[PDB]
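Counting from 1, position 339 in the sequence shown corresponds to residue 388 in the numbering used here; the numbering is continuous, with no gaps. Note that CB positions come from ideal geometry on N, CA and C, so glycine has one too.
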Amino acid sequence: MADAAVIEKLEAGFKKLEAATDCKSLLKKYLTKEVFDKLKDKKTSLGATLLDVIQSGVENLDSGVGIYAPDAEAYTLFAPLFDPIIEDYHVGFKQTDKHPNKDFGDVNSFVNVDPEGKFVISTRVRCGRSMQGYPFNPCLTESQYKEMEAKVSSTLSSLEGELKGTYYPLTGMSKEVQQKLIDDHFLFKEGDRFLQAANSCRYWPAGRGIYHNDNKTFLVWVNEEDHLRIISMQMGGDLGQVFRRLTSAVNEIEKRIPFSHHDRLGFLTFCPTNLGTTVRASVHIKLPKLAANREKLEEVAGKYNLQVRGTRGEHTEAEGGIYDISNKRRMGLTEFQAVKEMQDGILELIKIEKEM
Ligand SMILES: Nc1ncnc2c1ncn2[C@@H]1O[C@H](COP(=O)(O)OP(=O)(O)O)[C@@H](O)[C@H]1O
Ligand SMILES: NC(=[NH2+])NCCC[C@H](N)C(=O)O
Ligand SMILES: [Mg+2]
C-alpha cells in the first residue's frame, strides 16, 4: 500500500499529534498507536492512504475533528478511525448503527422562530451531496472538476419557479462581486487552512462556482468542500418556508443528478461531520445577555446539541453580536429530526435569553 515517503510522513505526523499537548481533536483522541499501526500501511483503489485522511488534522492541531475521506472507500478501509470519530461527533451513532432512510417528514410543522425579529436576522438550511462516480476533493482531477461543473450548471438551468436561476462560475467572476457575495453570507470562502491541508483546493478555481436565484434565497455551491451544497436561506425566521424550499430543491435536483448514498452512512460527504442527513440548519441570531461570554453561550448551546459559529461561518468571530447557531449532529436522526432539533434548541435559547 503506502510507499516509503508516505510512511515516513505518517510516523512523523503520529509523533506530532502525540506531542501536541494543547490538541483536543477527535483525530488525536482516536488515532491510538494500535489503530495507527493497523491502518498506516493501507491504501484505497484510487491510492488514498492514511495520510490523505489525517493530514489536515496533523497540520491544523486546533482542528475539532481533523480527518476527511479522500474517496468513498476510505470510510470503509479506515473505519477503525472514522467509526469512533463519527460516534463521538454525531452523539450516539454507534459502530454498527445504520443511518435512517431519507425522510424530510412533516415540513408543514416548522415555525417562524422569531416573527418580530429582535433575535433572528436570517435562517438557512443546507444539505450536501456527492455525485455518483466521483471521489472527493483530494482525488479529483482537473478534468473531473470541470466535467462535474458542466453537468451541474446544465442541469440546474432547467429548474423553474423559485428555483429558477443562473450559474456563476468562479472562473472569470468579478472580484468585487465575489467578495460581496462572500461578505453577504452567500458564497463560500476561497478555501481555508483546514481544506488546504486536506489537499481539497487543488486546481482552484477550476470547476468551482455558485448557482442562485435572483433574490438569493436558493443557492447551490459547486465544488467547494463537497461536490454540491444545496442551500435555502432568507432574512427573518421562517424556518418553515426555508425548509420547504430546500426540500423542493433537493427533490428536483436528484431527479437530474444521481447522488452517492450509503446504507450505513447515509448521503456521502467529504467530512464525516456532514454525513447522514448532511443537514445544517442555522440562524444568524443576537442573544446579548446569553452571549456575553462566548463560552457560556457555547455551554448552554451544547446542552441542546447546538453548535456556535461566527458571523462569517465556522472559525470566525461574532460580528455585531451575530452568532451562527445550528444543529451539530447530522447522522442517526432523520432530516426532519435534524431541523426539529435545531428549531427546538433555538426556541429554548430565546426563552433563556428572555428570562435571564
Ligand atoms: N442563518 C444564516 N444566515 C445567513 N448566513 C448564514 C447562516 N448560516 C450560515 N451562513 C453563512 O454560510 C456561509 C458558510 O458558513 P460555514 O460555517 O462554512 O457553513 P456551511 O458550509 O455548513 O454552509 C457563511 O458565509 C455564513 O455567513
Ligand atoms: N466544514 C467542516 N467540515 N467543518 C468541520 C471540520 C472542520 C475541520 N476539519 C476541523 O476538524 O475542525
Ligand atoms: Mg463550510
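Cβ-heavy atom distance, residue i to ligand 2, below 7 Å
| i | result |
| --- | --- |
| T322 | yes |
| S249 | no |
| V174 | no |
| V107 | no |
| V357 | no |
| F237 | no |
| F243 | yes |
| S281 | no |
| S74 | yes |
Proximity test, residue i beta-carbon vs ligand 1 heavy atom, cut-off 7 Å
| i | result |
| --- | --- |
| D287 | no |
| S223 | no |
| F319 | no |
| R329 | yes |
| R178 | no |
| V114 | no |
| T145 | no |
| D163 | no |
| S171 | yes |
| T266 | no |
| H139 | no |
| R313 | no |
| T360 | yes |
Among the options, the one whose alpha carbon lies nearest that of residue i
| i | options | result |
| --- | --- | --- |
| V357 | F185, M391 and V140 | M391 |
| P218 | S375, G289, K200 and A247 | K200 |
| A118 | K143, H139, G141 and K92 | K92 |
| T327 | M282, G240, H148 and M222 | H148 |
| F308 | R173, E60, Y183 and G154 | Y183 |
| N323 | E366, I116, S105 and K64 | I116 |
| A330 | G214, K64 and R294 | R294 |
| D232 | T365, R361, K377 and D241 | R361 |
| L205 | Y353, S94 and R305 | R305 |
| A387 | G359, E363, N354 and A128 | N354 |
| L95 | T70, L76 and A121 | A121 |
| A123 | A255, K338, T98 and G221 | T98 |
| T296 | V174, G141, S74 and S112 | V174 |
| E136 | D163, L75 and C188 | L75 |
| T383 | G286, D263, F316 and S112 | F316 |
Span separating the alpha-carbon of residue i from that of residue j
| i | j | result |
| --- | --- | --- |
| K87 | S179 | 29 Å |
| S192 | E303 | 23 Å |
| residue 435 | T145 | In the structure as shown, the chain begins at 50 and stops at 405. Residue 435 is therefore absent and cannot be evaluated. |
| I399 | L130 | 38 Å |
| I134 | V114 | 8 Å |
| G166 | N150 | 35 Å |
| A53 | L100 | 12 Å |
| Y79 | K345 | 27 Å |
| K195 | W253 | 11 Å |
| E83 | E198 | 41 Å |
| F237 | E273 | 7 Å |
| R313 | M405 | 42 Å |
| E225 | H261 | 17 Å |
| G62 | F267 | 41 Å |
| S249 | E108 | 14 Å |
| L288 | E57 | 50 Å |
| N342 | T190 | 44 Å |
| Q228 | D90 | 43 Å |
| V156 | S375 | 18 Å |
| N186 | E368 | 31 Å |
| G325 | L110 | 26 Å |
| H276 | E402 | 38 Å |
| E347 | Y138 | 16 Å |
| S223 | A68 | 45 Å |
| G214 | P321 | 30 Å |
| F153 | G381 | 14 Å |
| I280 | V271 | 11 Å |
| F85 | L66 | 12 Å |
Assumed close pair residue i, residue j - CB separation to whole angstroms, cut-off 8 Å
| i | j | result |
| --- | --- | --- |
| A350 | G370 | Actually they do not touch by this definition, with Cβ atoms about 15 Å apart. |
| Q104 | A247 | 7 Å |
| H333 | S171 | 5 Å |
CB contact check: residue i to chain C, cutoff 8 Å
| i | result |
| --- | --- |
| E402 | The structure shown has no chain C; it contains just one protein chain. |
Subject >> Residues passing the C-beta test against ligand 3 heavy atoms, cut-off 6 Å >> reply: Residue selection by CB proximity (closer than 6 Å to any heavy atom of ligand 3) returns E274 and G362 in chain order.
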